[PDB]
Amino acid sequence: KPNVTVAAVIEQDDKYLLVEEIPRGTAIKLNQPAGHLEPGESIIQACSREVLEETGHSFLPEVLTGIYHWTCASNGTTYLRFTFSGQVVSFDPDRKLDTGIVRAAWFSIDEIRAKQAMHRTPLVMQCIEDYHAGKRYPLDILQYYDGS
């Protein structure tokens, strides 16, 4: 009954790959590459899929950084967000980005903090803080069964 989501913390030389997105209406929000788990996939693969679909970069997950369980008061919806850190290992500017993505770009911590009011949720900042705090957990905490 909570919605399972995934998000990627992608840091390269003290900048983070984030998206500016319009989730509803017209307002631009800042967020990690992120989205809902879909049937038929593992959580780690959902994370890589979201990075590719939202940014046009391919992702190599390395660690779990945290799992966040919260309720968005504005939409009454409870989420369980599995957040991973990893590398980006390819980029192709012609890859189509999901509708609703304005642009994907690299932001420094100062820029992210100054944009706090337009963060999609409080988790945008929290996920980065936890990553910066050295929170790194093995991917193999998760065991997926594909149904073979």
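Just count from 1 along the sequence shown to find any residue number.
Chemist: Using the B-factors recorded in the PDB entry, average over the C-alpha atoms of 21-29 and of 121-129, then report which stretch comes out higher.
Modeler: Comparing averages over the C-alpha atoms only gives 21-29.
Chemist: So 37-45 or 75-83, which one's hotter by mean CA B-factor in the entry?
Modeler: Stretch with the higher mean C-alpha B-factor: 75-83.
Chemist: Considering only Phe59, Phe91, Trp106, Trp70, which residue's Cα atom bears the greatest B-factor as recorded?
Modeler: Among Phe59, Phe91, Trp106, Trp70, the highest C-alpha B-factor in the entry belongs to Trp70.
Chemist: Rank-wise, by C-alpha B-factor, drop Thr65 into the lowest, middle or highest third of its chain.
Modeler: Answer is middle: the recorded C-alpha B-factor places it there.
Chemist: Relative to the other modelled residues in the chain, which third contains the C-alpha temperature factor of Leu97: lowest, middle or highest?
Modeler: Within its chain, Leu97 is a highest-third residue by C-alpha B-factor, going by the deposited values.
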